[PDB]
Amino acid sequence: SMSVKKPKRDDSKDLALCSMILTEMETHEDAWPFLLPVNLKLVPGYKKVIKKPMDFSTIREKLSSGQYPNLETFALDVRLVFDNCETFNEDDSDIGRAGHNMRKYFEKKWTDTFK
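FYI, my numbering numbers position 77 of the sequence shown as 78, with every residue one higher than the one before it.
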């Protein structure tokens with residue numbers, strides 16, 4: 002509350018560390034469905050169904066330009082990528098499986114870096 006604060010967690014490395022995680026997600030062999038924005042002219046249904054499209058290149062641009070206020074808003078966009086994927090793709094598809102694999106990969110790096 003006013004003049005009453007928990008001890009200050011050091012967040013000075015969060016930017017660099019989110020960048021490193023994002024690099025590792027970019028270079029994963031199953032990243033290919035997520036590298037670029039879904040083409041809304043060429044994928045029927047995507048624009049209407051997926052209210053907030055997100056992809057790794059968009060997160061990279063947001064990260065690089067100070068559009069994440071903190072590490073949690075960064076995690077929310079990464080998770081959005083996978084939530085969107087699950088919304089649009091059957092589990093038993095190459096892209097559906099990719100999304101599960103990448104979400105697992107992310108969540109482990111996230112826990113090991115920050116928890």
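Even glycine gets a Cβ: it sits at the ideal position worked out from N, Cα and C.
- Taking C-beta atoms under 8 Å as the contact rule, residue 36 and residue 64 fail to qualify, at a distance of about 15 Å.
- Here residue 67 is exposed: its Cβ has fewer than 16 other Cβ atoms, across all protein chains shown, within 10 Å.
- In terms of Cα proximity to residue 74, the closest of 16, 30, 91 and 87 is 16.
- Membership of residue 21 in the alpha helix (DSSP H) is indicated by the continuous run 15-28.
- Spatial neighbours of residue 79 in its own chain (CB-CB distance under 6 Å, excluding positions within 5 residues in sequence) are listed in chain order as 107.
- Each residue's CA atom was taken as its position, placing residue 85 and residue 55 some 8 Å apart.
- By the beta-carbon neighbour count (other beta carbons within 10 angstroms, threshold 16), residue 46 is exposed.
- Cβ contact annotation for residue 110 (same chain, cutoff 6 Å, sequence separation greater than five): 22, in chain order.
- Taking residue 27 as the centre and dropping the five residues before and after it, the same chain places the C-beta of 57 closer than 6 Å to its C-beta, in chain order.
- CA-to-CA, the gap between residue 42 and residue 12 works out to about 40 Å.
- Counting along the chain, residue 103 sits inside the alpha helix (DSSP H) bounded by residues 95-115.
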